[PDB]
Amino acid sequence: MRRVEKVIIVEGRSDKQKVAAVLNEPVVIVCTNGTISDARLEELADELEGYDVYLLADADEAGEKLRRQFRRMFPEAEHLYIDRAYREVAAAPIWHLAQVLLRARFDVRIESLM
């Protein structure tokens, strides 16, 4: 078993469970549980030095706020986007989330495309 390097950060509990369900490799999924303080974000950035980190936020206002915080506090994190036509990670079809992750080079379950 090789070391786990990938990390996806999401805002919401259901986002986390939904992401975890599509993945076919071990990935640390961090949920901010809504807003996260600058200090907790800095700590996370420190802890995650050398990791391959992604932020997947809703295409809405709250999501954009979190992205803005990340651009300031945690520039290392790569931003992933659902089609803003689905708006929320929670709303997006399983296959769409799977394709977003696959485009970013995550292993996803084939079943998540059916």
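Residue indices: 1-based, along the sequence shown.
S.K.: Where does the C-alpha B-factor of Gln69 rank in its chain, lowest, middle or highest third?
M.R.: For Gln69, the deposited C-alpha B-factor lands in the middle third.
S.K.: Name the third of the chain's ranked CA B-factors that contains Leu97, choosing lowest, middle or highest.
M.R.: Middle third of the chain for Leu97's C-alpha B-factor.
S.K.: Where does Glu76 sit by CA temperature factor within its chain: lowest, middle or highest third?
M.R.: Lowest third of the chain for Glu76's C-alpha B-factor.
S.K.: Hey, what third does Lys16 fall into on Cα B-factor, ranked over its chain?
M.R.: For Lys16, the deposited C-alpha B-factor lands in the lowest third.
S.K.: Ordered by C-alpha B-factor within the chain, which third holds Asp38? Give me lowest, middle or highest, please.
M.R.: Answer is lowest: the recorded C-alpha B-factor places it there.
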